[PDB]
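The next block holds one structure in the form of structure tokens; read it before the comments.
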Amino acid sequence: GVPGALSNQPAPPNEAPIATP
Amino acid sequence: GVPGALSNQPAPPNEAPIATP
Amino acid sequence: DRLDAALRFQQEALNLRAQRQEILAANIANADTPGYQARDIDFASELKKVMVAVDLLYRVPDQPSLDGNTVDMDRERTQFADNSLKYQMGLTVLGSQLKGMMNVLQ
Amino acid sequence: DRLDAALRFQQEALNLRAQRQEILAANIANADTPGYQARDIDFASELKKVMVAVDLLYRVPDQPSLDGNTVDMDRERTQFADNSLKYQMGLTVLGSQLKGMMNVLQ
Amino acid sequence: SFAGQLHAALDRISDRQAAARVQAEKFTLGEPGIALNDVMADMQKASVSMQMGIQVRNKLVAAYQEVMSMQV
Amino acid sequence: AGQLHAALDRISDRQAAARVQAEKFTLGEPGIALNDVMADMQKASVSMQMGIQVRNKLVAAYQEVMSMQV
Amino acid sequence: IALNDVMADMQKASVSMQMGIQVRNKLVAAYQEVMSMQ
Amino acid sequence: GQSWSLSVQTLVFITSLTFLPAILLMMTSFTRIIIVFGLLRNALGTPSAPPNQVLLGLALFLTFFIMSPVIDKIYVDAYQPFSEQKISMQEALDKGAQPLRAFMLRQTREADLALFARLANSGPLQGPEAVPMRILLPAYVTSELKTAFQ
Amino acid sequence: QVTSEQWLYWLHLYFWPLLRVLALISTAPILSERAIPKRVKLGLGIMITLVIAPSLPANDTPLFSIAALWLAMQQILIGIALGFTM
Amino acid sequence: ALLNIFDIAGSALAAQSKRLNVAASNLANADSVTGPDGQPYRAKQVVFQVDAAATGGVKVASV
Amino acid sequence: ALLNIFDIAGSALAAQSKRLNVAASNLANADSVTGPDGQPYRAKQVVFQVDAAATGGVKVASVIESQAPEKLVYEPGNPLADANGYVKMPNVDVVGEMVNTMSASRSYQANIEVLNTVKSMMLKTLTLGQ
Amino acid sequence: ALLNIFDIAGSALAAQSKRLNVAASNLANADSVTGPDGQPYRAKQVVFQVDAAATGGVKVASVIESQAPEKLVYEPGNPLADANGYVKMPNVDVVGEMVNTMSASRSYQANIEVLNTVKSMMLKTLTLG
């Protein structure tokens, strides 16, 4: 939802792919 | 009237025409 | 009753000062959004009407901007300081009056 | 036990404020740990449940970060200040209630 | 009409205290529309009312004891 | 013995005038320099303190004179 | 007039009232005892 | 007209409550009942046969039963404007004192009133009207003492 | 106005005749017996004050120790004399 | 009516931080020939909004 | 009222900001030409006045165009050229604008310092009301 | 009576406030020209007198224009230029005005401290008993 609010399940992992397969 | 006073109506929107219509 | 009437004016002045402080905070936080008009309230008229929601009116723009925003930082800061000081004074007056009313019972 | 409950409402409010303060301090201290998830609790619902063993929720992230850290700084700092102010407010309300109860017995 | 008036006074005092308590309870749970200065002022007014009540009680009981401790 | 009545009326009028001046200043119209109001508030508080002290002293004297035993 | 002066006057009045009341009470108690005793 | 403020109102109210015991009971309402009860107790031939506490309680109960109409009238004429804040105390005191003085005048005695008027150099007049407080109270006190002894 | 009414001066003029009147009441227990409550007996002095406490012709200097002892000794005699003769 | 000041100021702080992050990203990638997929980099910027439930704090709608 | 100090300082700050904005606009339009509708650009200045409420704040009634002659530059290839083949370049004094900006900045800082001191004094004033 | 100290300190506070206001107005209008009706602005100063009614507080008699020489700027390109192309500029000394501001602030704080001390002493006298 809105940033800074509260939610039941955690955020997904963040990745920075150098090149998309 | 004098800037910074209290008015009951908004000023007209601002515009900067590059060339006259 | 009498106790509420003795403090109604100071309490309402405090409340109106708080509301005007909130208005000033909002229109100083929106200092970068284009198309947003400055807002404020007429304190004297509001206080007289409430002692006899909240009415607010737009501020007269100072200088034009292409985006459309019409908030002046120095003017907002001066108004903020004035309202803060007057709120502090009202709180002090209310506290002194309550202290005297408490002291009269001994 | 009537005194117990009457002060218990505010005592539990203060206790939950302290717990939330502790969690905020923890996520401030671990603000630079990669792979960390910001944690917080819902004060209103938690207090309702306690009045009628504490669960915590993951704060919604605002910006991505490669090192897997989602605990922001500004939002949680404002939360810390607000929680401290409300804890002090609860403390002074409880103190006023206790002093009012005490001075009757004089 | 004496006991009725006294009960009315106690009723008003207790009602004011209950109003202050419920306003504070509503504020501390996050309900919007309640002002911290407003709730503090209301609590102070309630405390002043209670102090006036206890002063009146002390004066009345002292007068009663003085007037009924004498010997006829 | 209405002199105490006159004195209490005068001090009440003084503190009421101070309150009126404070209200006029908070009304947001220029007639007050933020110094006269505070000085009047302090003077009213001192006068009220003097009055309550006089009341306490007088009621104590009345209690003592009533406590006689003929 | 001076605030210290008026406070001192109040103190003087209180002390004199206490002295007079105590003297009168002692005297009347002695007289009552004399009347009671045969 | 004008009136003073809440603080001094409370101050004078508390002072009046402090003065309440003597001024409203001893010299106004029932000084005769306790005297006559003491006379009866001494006539019984046994000192303190009934407890003084019970005698005072009975006297107070009878006093309030007797004064209930007058006390009710005083309560009306005082609180009814004052509770809704319609009048000021400077006249409320007179409005609440007038019925009490009217009631006390019947219990007073003309001879006592005349003697106190002679003592205090006040206008006798053919028609009584608003006897001053300095004269009315002692006449009531002595008349009550006389009838109590009788 | 913050001012005084010379409370010390009023002390020895507004309440000096009280001792004489109260002395007679104590000196006349037949006209006022123990059947009359002591509490009212205490108030017997103050009820007559409202007529005698205000301005009266007889006034003099304040009293303390030496002055009080002589005047009190002399003034009670008037109350003692009138009471017993009755 | 005085506890909303914290919310308004926090919203303003967050919006300004987001704008600063976007500006820093543009400055860093001023000379990026390509991204991961292959499409050329394109400058980004935020779009503010009035966070009124009437006026209140500022709020970033999207990028 | 001991509170018109804030009004005076705020008016001074607003006036200095207006003057600085005018100077910056002139510097931006130093070498411009053929504005809207073809009329040559002309520099502008501001006039400060006092508000006789005695002593009062400063205001700017209106912006006044400069009467200094425009620069006439021979260039017939421009359609703006008159019968003499001249174009009207704006009159901008770069040194004057630099000095004006310096003066505006200094006045702004002085006024903000005065505001700081008076705010401290006023905060300390209320301690005697208890 | 110790009560006249309140009057003395109130007069002192009023005088210091007026001096500060005049100094602030001078600082604000230091660069101002062409006041209303065309007369150039002139720097103003206050005058302190003793409100004897022996010794007593300080009042402000009036406000007087300073007689320092009035500055001139050579600018013929201005409608206010005189016959010699001089625009008149007020004689305001920024350092003097700032020093006046600081001194007024310090004196104001000292006087309010005096007021608080006298208030405390008088309350002590009240609670002597």
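By order of appearance in the structure tokens: chains A, B, ..., then residues from 1 within every chain, and ligands from 1 in the order shown.
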I need the strand (DSSP E) residues of chain C per DSSP on the backbone, written as a PyMOL selection string. chain C and resi 39-40+57-58
With N, CA, C and O atoms kept, could you save the residues just selected as a compact mmCIF listing (two decimals), in the first residue's frame?
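Produced file result25.txt, reproduced below:
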```txt
# COMPACT_ATOMS: atom_id res chain seq x y z
N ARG C 39 -2.85 28.78 1.91
CA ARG C 39 -4.06 28.82 2.72
C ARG C 39 -3.74 29.43 4.08
O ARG C 39 -2.62 29.31 4.58
N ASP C 40 -4.74 30.08 4.66
CA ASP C 40 -4.67 30.63 6.01
C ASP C 40 -6.07 31.07 6.40
O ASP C 40 -6.99 31.08 5.58
N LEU C 57 -9.30 30.82 3.80
CA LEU C 57 -9.31 31.55 2.55
C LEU C 57 -7.89 31.62 1.99
O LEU C 57 -6.91 31.48 2.72
N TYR C 58 -7.81 31.84 0.68
CA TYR C 58 -6.53 31.85 0.00
C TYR C 58 -5.74 33.12 0.33
O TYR C 58 -6.31 34.16 0.66
```
Using only C-alpha atoms, I'd like a table of the residues in chain C that come within 12 Å of chain K; for each, show the closest atom pair and its distance in Å rounded to one decimal, ordered by chain and ascending number, as CSV.
```
residue,atom,partner,partner_atom,distance
C:62,CA,K:14,CA,8.6
C:63,CA,K:18,CA,8.0
C:64,CA,K:18,CA,11.0
C:65,CA,K:21,CA,11.5
C:72,CA,K:14,CA,8.5
C:73,CA,K:14,CA,9.3
C:74,CA,K:10,CA,6.6
C:75,CA,K:10,CA,6.1
C:76,CA,K:10,CA,9.4
C:77,CA,K:10,CA,8.7
C:78,CA,K:10,CA,6.2
C:79,CA,K:6,CA,8.5
C:80,CA,K:6,CA,10.7
C:81,CA,K:119,CA,8.2
C:82,CA,K:6,CA,7.4
C:83,CA,K:3,CA,11.0
C:84,CA,K:123,CA,10.1
C:85,CA,K:123,CA,7.4
C:86,CA,K:3,CA,9.9
C:87,CA,K:126,CA,11.3
C:88,CA,K:126,CA,8.1
C:89,CA,K:126,CA,6.7
C:90,CA,K:126,CA,10.2
C:91,CA,K:126,CA,10.3
C:92,CA,K:129,CA,6.6
C:93,CA,K:129,CA,7.1
C:94,CA,K:130,CA,9.9
C:95,CA,K:130,CA,7.6
C:96,CA,K:130,CA,5.5
C:97,CA,K:130,CA,9.2
C:98,CA,K:130,CA,10.7
C:99,CA,K:130,CA,8.7
C:100,CA,K:130,CA,10.0
```
Using N, CA, C and O atoms, can you export the residues from the last selection as a compact mmCIF listing (two decimals), in the first residue's frame?
```txt
# COMPACT_ATOMS: atom_id res chain seq x y z
N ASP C 62 2.43 36.74 -3.81
CA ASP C 62 3.47 37.76 -3.72
C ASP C 62 4.15 37.98 -5.07
O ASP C 62 4.16 39.10 -5.59
N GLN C 63 4.72 36.93 -5.64
CA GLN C 63 5.35 36.99 -6.95
C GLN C 63 4.89 35.81 -7.80
O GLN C 63 4.66 34.71 -7.29
N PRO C 64 4.75 36.02 -9.11
CA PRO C 64 4.29 34.94 -9.98
C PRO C 64 5.36 33.89 -10.20
O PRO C 64 6.56 34.16 -10.14
N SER C 65 4.91 32.66 -10.45
CA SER C 65 5.78 31.55 -10.79
C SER C 65 5.15 30.76 -11.93
O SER C 65 3.93 30.67 -12.02
N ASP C 72 5.26 31.96 -0.20
CA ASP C 72 6.47 32.74 0.03
C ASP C 72 7.11 32.30 1.34
O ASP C 72 6.47 32.38 2.40
N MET C 73 8.36 31.85 1.26
CA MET C 73 8.99 31.19 2.40
C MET C 73 9.19 32.14 3.57
O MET C 73 8.89 31.79 4.72
N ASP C 74 9.70 33.34 3.31
CA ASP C 74 9.96 34.27 4.41
C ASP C 74 8.66 34.69 5.09
O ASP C 74 8.60 34.78 6.32
N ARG C 75 7.62 34.96 4.30
CA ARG C 75 6.33 35.32 4.88
C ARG C 75 5.77 34.19 5.72
O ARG C 75 5.28 34.42 6.83
N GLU C 76 5.85 32.96 5.22
CA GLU C 76 5.36 31.83 5.99
C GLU C 76 6.15 31.65 7.28
O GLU C 76 5.58 31.35 8.33
N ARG C 77 7.47 31.85 7.22
CA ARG C 77 8.28 31.71 8.42
C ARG C 77 7.94 32.77 9.46
O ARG C 77 7.85 32.47 10.66
N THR C 78 7.75 34.02 9.02
CA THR C 78 7.37 35.07 9.97
C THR C 78 6.02 34.78 10.59
O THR C 78 5.84 34.92 11.81
N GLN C 79 5.04 34.35 9.78
CA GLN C 79 3.73 34.02 10.33
C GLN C 79 3.83 32.86 11.31
O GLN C 79 3.17 32.85 12.35
N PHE C 80 4.66 31.86 10.98
CA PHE C 80 4.85 30.71 11.86
C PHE C 80 5.41 31.15 13.21
O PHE C 80 4.92 30.73 14.26
N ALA C 81 6.43 32.00 13.19
CA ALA C 81 7.02 32.46 14.44
C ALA C 81 6.02 33.26 15.26
O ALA C 81 5.90 33.06 16.48
N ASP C 82 5.27 34.15 14.61
CA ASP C 82 4.28 34.95 15.33
C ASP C 82 3.23 34.07 15.98
O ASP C 82 2.89 34.25 17.15
N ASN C 83 2.70 33.11 15.22
CA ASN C 83 1.66 32.24 15.77
C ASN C 83 2.21 31.37 16.90
O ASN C 83 1.52 31.14 17.89
N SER C 84 3.44 30.89 16.76
CA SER C 84 4.03 30.09 17.83
C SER C 84 4.17 30.91 19.11
O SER C 84 3.83 30.44 20.20
N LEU C 85 4.67 32.14 18.99
CA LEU C 85 4.83 32.98 20.17
C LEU C 85 3.49 33.30 20.81
O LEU C 85 3.36 33.29 22.04
N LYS C 86 2.48 33.60 20.00
CA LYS C 86 1.17 33.91 20.56
C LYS C 86 0.53 32.69 21.21
O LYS C 86 -0.15 32.82 22.24
N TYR C 87 0.74 31.51 20.64
CA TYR C 87 0.27 30.28 21.28
C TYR C 87 0.94 30.09 22.63
O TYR C 87 0.29 29.72 23.61
N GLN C 88 2.25 30.33 22.70
CA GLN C 88 2.96 30.20 23.97
C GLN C 88 2.42 31.19 24.99
O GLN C 88 2.23 30.85 26.16
N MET C 89 2.15 32.43 24.56
CA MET C 89 1.60 33.43 25.47
C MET C 89 0.22 33.02 25.97
O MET C 89 -0.09 33.18 27.16
N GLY C 90 -0.62 32.50 25.08
CA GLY C 90 -1.94 32.05 25.50
C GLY C 90 -1.86 30.91 26.49
O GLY C 90 -2.61 30.87 27.47
N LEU C 91 -0.95 29.96 26.26
CA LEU C 91 -0.75 28.88 27.20
C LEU C 91 -0.31 29.41 28.56
O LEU C 91 -0.78 28.94 29.60
N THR C 92 0.61 30.37 28.56
CA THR C 92 1.08 30.94 29.83
C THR C 92 -0.05 31.63 30.57
O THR C 92 -0.19 31.49 31.79
N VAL C 93 -0.88 32.39 29.85
CA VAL C 93 -2.00 33.08 30.49
C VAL C 93 -2.97 32.07 31.08
O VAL C 93 -3.44 32.23 32.22
N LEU C 94 -3.29 31.02 30.33
CA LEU C 94 -4.21 30.01 30.84
C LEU C 94 -3.64 29.32 32.07
O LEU C 94 -4.36 29.08 33.05
N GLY C 95 -2.34 28.99 32.04
CA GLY C 95 -1.73 28.35 33.19
C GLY C 95 -1.74 29.23 34.42
O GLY C 95 -2.02 28.77 35.53
N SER C 96 -1.44 30.52 34.25
CA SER C 96 -1.46 31.44 35.38
C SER C 96 -2.87 31.58 35.94
O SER C 96 -3.06 31.60 37.17
N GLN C 97 -3.87 31.68 35.07
CA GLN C 97 -5.25 31.81 35.53
C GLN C 97 -5.69 30.56 36.30
O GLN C 97 -6.32 30.67 37.36
N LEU C 98 -5.34 29.38 35.79
CA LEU C 98 -5.68 28.15 36.50
C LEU C 98 -4.94 28.05 37.82
O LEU C 98 -5.49 27.57 38.82
N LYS C 99 -3.68 28.49 37.86
CA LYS C 99 -2.93 28.47 39.11
C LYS C 99 -3.57 29.38 40.15
O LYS C 99 -3.66 29.02 41.32
N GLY C 100 -4.01 30.56 39.73
CA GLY C 100 -4.70 31.45 40.65
C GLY C 100 -6.02 30.87 41.14
O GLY C 100 -6.35 30.96 42.33
```
Identify, on the basis of only C-alpha atoms, every residue whose closest approach to residue 34 (chain H) does not exceed 8 Å; exclude the query and any residue fewer than 5 positions from it along the same chain; express the result as JSON, numbers by chain. {"E": [72], "H": [55, 56, 59], "I": [36, 37]}
Could you pull out the helix (DSSP H, G or I) residues of region 15-150 of chain H from DSSP and send them as JSON, numbers by chain? {"H": [15, 16, 17, 18, 19, 20, 21, 22, 23, 24, 25, 26, 31, 32, 33, 34, 35, 36, 37, 38, 39, 40, 41, 42, 43, 52, 53, 54, 55, 56, 57, 58, 59, 60, 61, 62, 63, 64, 65, 66, 67, 68, 69, 70, 71, 72, 73, 74, 75, 76, 77, 78, 79, 80, 81, 82, 83, 89, 90, 91, 92, 93, 94, 95, 96, 97, 98, 99, 100, 101, 102, 103, 104, 105, 106, 107, 110, 111, 112, 113, 114, 115, 116, 117, 118, 119, 133, 134, 135, 136, 137, 138, 139, 140, 141, 142, 143, 144, 145, 146, 147, 148, 149]}
Compile the residues of chain E that lie within 9 Å of chain I, evaluated using only C-alpha atoms, and express the compilation as a ChimeraX atom specification. /E:67,70-72
So which residues touch region 27-43 of chain L within 9 Å, counting only C-alpha atoms, skipping near sequence neighbours fewer than 5 positions away, as a count of residues only? 37
So that I can see what lies close to region 36-42 of chain K, please list as an NGL selection string the residues with an atom at most 8 Å from it, counting only C-alpha atoms and leaving out residues fewer than 2 positions away in the same chain. (:B and (17-20)) or (:K and (29 or 32-34 or 44 or 65-66 or 70 or 80 or 88-91))
Counting only C-alpha atoms, which residues from chain E have an atom at most 10 Å from any atom of chain D, and could you show them as a ChimeraX atom specification? /E:21,24-25,28-31,36,39-40,43-44,46-48,50-51,53-55,58
Output C-alpha atoms for every residue in that selection, as a PDB file, in the first residue's frame.
```pdb
ATOM      1  CA  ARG E  21     -11.393  10.393  31.201  1.00  0.00           C
ATOM      2  CA  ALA E  24      -8.301  11.187  27.120  1.00  0.00           C
ATOM      3  CA  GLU E  25      -9.034   7.527  26.351  1.00  0.00           C
ATOM      4  CA  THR E  28      -4.666   7.948  23.364  1.00  0.00           C
ATOM      5  CA  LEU E  29      -6.077   5.326  20.963  1.00  0.00           C
ATOM      6  CA  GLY E  30      -5.495   7.490  17.882  1.00  0.00           C
ATOM      7  CA  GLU E  31      -8.996   8.755  17.108  1.00  0.00           C
ATOM      8  CA  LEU E  36      -3.882  17.559  23.215  1.00  0.00           C
ATOM      9  CA  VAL E  39      -7.758  17.338  26.757  1.00  0.00           C
ATOM     10  CA  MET E  40      -5.143  18.849  29.083  1.00  0.00           C
ATOM     11  CA  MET E  43      -8.361  17.507  32.846  1.00  0.00           C
ATOM     12  CA  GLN E  44      -7.135  20.602  34.687  1.00  0.00           C
ATOM     13  CA  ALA E  46     -11.848  18.559  36.338  1.00  0.00           C
ATOM     14  CA  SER E  47      -9.049  18.613  38.917  1.00  0.00           C
ATOM     15  CA  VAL E  48     -10.004  22.144  39.975  1.00  0.00           C
ATOM     16  CA  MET E  50     -12.589  18.100  42.505  1.00  0.00           C
ATOM     17  CA  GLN E  51     -10.427  20.350  44.684  1.00  0.00           C
ATOM     18  CA  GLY E  53     -15.556  19.790  46.117  1.00  0.00           C
ATOM     19  CA  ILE E  54     -13.125  18.415  48.689  1.00  0.00           C
ATOM     20  CA  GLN E  55     -12.670  21.891  50.173  1.00  0.00           C
ATOM     21  CA  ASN E  58     -13.912  19.609  54.621  1.00  0.00           C
TER      22      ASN E  58
END
```
Give me, as a Markdown table, the closest atom pair and its distance (Å, one decimal) for every residue of chain A within a cut-off of 6 Å of chain D, counting only C-alpha atoms, rows sorted by chain and rising number.
```
| residue | atom | partner | partner_atom | distance |
| --- | --- | --- | --- | --- |
| A:3 | CA | D:62 | CA | 4.8 |
| A:4 | CA | D:60 | CA | 5.5 |
| A:5 | CA | D:60 | CA | 5.6 |
| A:6 | CA | D:59 | CA | 4.9 |
| A:7 | CA | D:58 | CA | 5.8 |
| A:8 | CA | D:57 | CA | 5.4 |
| A:10 | CA | D:58 | CA | 5.4 |
| A:14 | CA | D:66 | CA | 5.8 |
```
Write out, as a CSV table (one decimal), in the first residue's frame, the residues just selected, with N, CA and C atoms.
```csv
chain,number,residue,atom,x,y,z
A,3,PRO,N,3.5,3.9,1.1
A,3,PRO,CA,4.8,3.7,1.9
A,3,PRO,C,4.7,4.3,3.3
A,4,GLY,N,5.4,3.6,4.2
A,4,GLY,CA,5.3,4.0,5.6
A,4,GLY,C,4.2,3.4,6.4
A,5,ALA,N,3.3,2.7,5.8
A,5,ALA,CA,2.2,2.0,6.5
A,5,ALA,C,2.7,0.7,7.0
A,6,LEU,N,1.7,-0.1,7.6
A,6,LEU,CA,2.0,-1.4,8.2
A,6,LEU,C,1.3,-2.5,7.4
A,7,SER,N,2.0,-3.6,7.3
A,7,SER,CA,1.5,-4.8,6.5
A,7,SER,C,1.9,-6.1,7.2
A,8,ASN,N,1.1,-7.1,7.0
A,8,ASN,CA,1.3,-8.5,7.6
A,8,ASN,C,2.5,-9.3,7.2
A,10,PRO,N,6.4,-9.7,5.0
A,10,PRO,CA,7.5,-8.9,4.6
A,10,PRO,C,7.7,-8.6,3.1
A,14,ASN,N,15.3,-7.8,-2.8
A,14,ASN,CA,15.7,-6.8,-3.9
A,14,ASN,C,16.9,-7.3,-4.6
```
So what do you get for CA of residue 53 (chain I) versus CA of residue 62 (chain E), distance-wise? 27.8 Å
Taking only C-alpha atoms into account, report as a count of residues only which residues of chain G lie within 8 Å of chain L. 5
Near region 40-55 of chain J, within 9 Å and counting only C-alpha atoms, which residues show up once chain neighbours fewer than 5 positions away are dropped, as a short mmCIF file (atom, residue, chain, number, x, y, z; two decimals) with N, CA and C atoms, in the first residue's frame?
```
data_model
loop_
_atom_site.label_atom_id
_atom_site.label_comp_id
_atom_site.auth_asym_id
_atom_site.auth_seq_id
_atom_site.Cartn_x
_atom_site.Cartn_y
_atom_site.Cartn_z
N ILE C 23 -2.30 24.79 9.66
CA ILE C 23 -2.45 25.31 8.30
C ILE C 23 -1.11 25.81 7.77
N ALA C 26 1.13 22.91 6.90
CA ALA C 26 0.74 22.26 5.65
C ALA C 26 1.18 23.08 4.44
N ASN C 27 0.95 24.39 4.47
CA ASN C 27 1.27 25.19 3.30
C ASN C 27 2.74 25.59 3.25
N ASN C 30 3.92 22.01 1.51
CA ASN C 30 3.57 21.91 0.09
C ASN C 30 4.26 22.98 -0.75
N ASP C 32 6.62 23.00 -2.80
CA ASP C 32 7.13 22.65 -4.12
C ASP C 32 6.08 22.11 -5.08
N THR C 33 4.88 21.81 -4.61
CA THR C 33 3.87 21.24 -5.48
C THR C 33 3.25 22.32 -6.36
N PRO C 34 3.38 22.23 -7.68
CA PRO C 34 2.74 23.23 -8.54
C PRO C 34 1.22 23.14 -8.49
N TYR C 36 -0.69 24.43 -6.22
CA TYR C 36 -1.19 24.46 -4.85
C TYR C 36 -1.25 25.90 -4.37
N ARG C 39 -2.85 28.78 1.91
CA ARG C 39 -4.06 28.82 2.72
C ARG C 39 -3.74 29.43 4.08
N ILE J 8 2.50 15.50 8.74
CA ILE J 8 2.74 16.39 7.61
C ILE J 8 4.24 16.57 7.38
N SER J 11 5.84 13.39 6.00
CA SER J 11 5.54 13.23 4.58
C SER J 11 6.40 14.16 3.74
N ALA J 15 9.09 12.91 0.93
CA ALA J 15 9.00 13.36 -0.46
C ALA J 15 10.29 14.04 -0.90
N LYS J 18 12.93 11.41 -1.50
CA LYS J 18 12.71 10.71 -2.76
C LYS J 18 13.15 11.56 -3.95
N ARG J 19 12.84 12.86 -3.91
CA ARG J 19 13.27 13.74 -4.99
C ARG J 19 14.79 13.81 -5.07
N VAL J 22 16.09 10.64 -6.67
CA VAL J 22 15.89 10.65 -8.12
C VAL J 22 16.92 11.54 -8.80
N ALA J 23 17.18 12.72 -8.22
CA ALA J 23 18.19 13.60 -8.80
C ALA J 23 19.57 12.96 -8.78
N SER J 25 20.23 9.76 -8.82
CA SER J 25 20.23 8.70 -9.82
C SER J 25 20.43 9.26 -11.22
N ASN J 26 19.76 10.37 -11.53
CA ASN J 26 19.95 11.00 -12.84
C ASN J 26 21.39 11.46 -13.02
N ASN J 29 23.61 8.34 -13.62
CA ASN J 29 23.40 7.70 -14.91
C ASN J 29 23.28 8.71 -16.04
N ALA J 30 23.89 9.89 -15.89
CA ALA J 30 23.87 10.87 -16.96
C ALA J 30 24.45 10.33 -18.26
N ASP J 31 25.41 9.41 -18.18
CA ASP J 31 26.10 8.88 -19.36
C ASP J 31 26.02 7.36 -19.39
N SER J 32 24.84 6.81 -19.18
CA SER J 32 24.64 5.37 -19.27
C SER J 32 24.20 5.01 -20.68
N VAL J 33 25.02 4.22 -21.38
CA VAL J 33 24.72 3.89 -22.77
C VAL J 33 23.52 2.96 -22.86
N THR J 34 23.38 2.02 -21.93
CA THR J 34 22.29 1.06 -21.98
C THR J 34 22.00 0.53 -20.59
N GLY J 35 20.82 -0.06 -20.45
CA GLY J 35 20.43 -0.72 -19.23
C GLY J 35 20.60 -2.22 -19.33
N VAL J 60 4.12 11.82 -2.76
CA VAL J 60 4.62 11.46 -4.09
C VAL J 60 3.68 10.43 -4.70
N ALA J 61 3.12 10.75 -5.86
CA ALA J 61 2.17 9.85 -6.50
C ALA J 61 2.88 8.67 -7.15
N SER J 62 3.83 8.96 -8.04
CA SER J 62 4.57 7.93 -8.75
C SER J 62 5.82 8.56 -9.35
N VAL J 63 6.55 7.77 -10.13
CA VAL J 63 7.74 8.23 -10.82
C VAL J 63 7.53 8.02 -12.31
#
```
For chain E, report every residue with an atom at most 8 Å from chain H (counting only C-alpha atoms), formatted as number ranges by chain. E: 1, 56, 59-60, 63-64, 67-69, 71-72
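If you count only C-alpha atoms and ignore residues fewer than 4 places along the chain from residue 82 (chain I), what sits within 10 Å of it is residues 23, 24, 27, 28, 77, 78 and 86 of chain I.
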Selection file, N, CA, C and O atoms, as a PDB file, in the first residue's frame:
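See selection_23.pdb below for the written result:
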```pdb
ATOM      1  N   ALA I  23     -18.473  40.017  81.097  1.00  0.00           N
ATOM      2  CA  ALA I  23     -18.274  39.807  82.526  1.00  0.00           C
ATOM      3  C   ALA I  23     -19.604  39.739  83.262  1.00  0.00           C
ATOM      4  O   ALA I  23     -19.795  38.888  84.138  1.00  0.00           O
ATOM      5  N   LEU I  24     -20.541  40.624  82.913  1.00  0.00           N
ATOM      6  CA  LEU I  24     -21.849  40.614  83.560  1.00  0.00           C
ATOM      7  C   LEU I  24     -22.600  39.322  83.267  1.00  0.00           C
ATOM      8  O   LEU I  24     -23.279  38.776  84.143  1.00  0.00           O
ATOM      9  N   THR I  27     -21.296  36.961  85.407  1.00  0.00           N
ATOM     10  CA  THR I  27     -21.659  37.332  86.769  1.00  0.00           C
ATOM     11  C   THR I  27     -23.157  37.217  87.020  1.00  0.00           C
ATOM     12  O   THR I  27     -23.602  37.434  88.153  1.00  0.00           O
ATOM     13  N   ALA I  28     -23.944  36.870  86.003  1.00  0.00           N
ATOM     14  CA  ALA I  28     -25.386  36.684  86.150  1.00  0.00           C
ATOM     15  C   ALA I  28     -25.771  35.297  85.645  1.00  0.00           C
ATOM     16  O   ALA I  28     -26.403  35.162  84.588  1.00  0.00           O
ATOM     17  N   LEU I  77     -14.819  44.756  87.820  1.00  0.00           N
ATOM     18  CA  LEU I  77     -15.548  45.098  89.036  1.00  0.00           C
ATOM     19  C   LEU I  77     -16.945  45.614  88.718  1.00  0.00           C
ATOM     20  O   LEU I  77     -17.907  45.303  89.430  1.00  0.00           O
ATOM     21  N   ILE I  78     -17.077  46.409  87.654  1.00  0.00           N
ATOM     22  CA  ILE I  78     -18.394  46.893  87.250  1.00  0.00           C
ATOM     23  C   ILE I  78     -19.301  45.724  86.895  1.00  0.00           C
ATOM     24  O   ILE I  78     -20.465  45.673  87.311  1.00  0.00           O
ATOM     25  N   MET I  86     -28.210  42.025  91.438  1.00  0.00           N
ATOM     26  CA  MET I  86     -29.478  41.606  90.854  1.00  0.00           C
ATOM     27  C   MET I  86     -29.988  40.314  91.480  1.00  0.00           C
ATOM     28  O   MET I  86     -31.205  40.111  91.570  1.00  0.00           O
TER      29      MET I  86
END
```
7 Å contacts from chain F to chain K using only C-alpha atoms, as a PyMOL selection string: chain F and resi 30-34+38+42
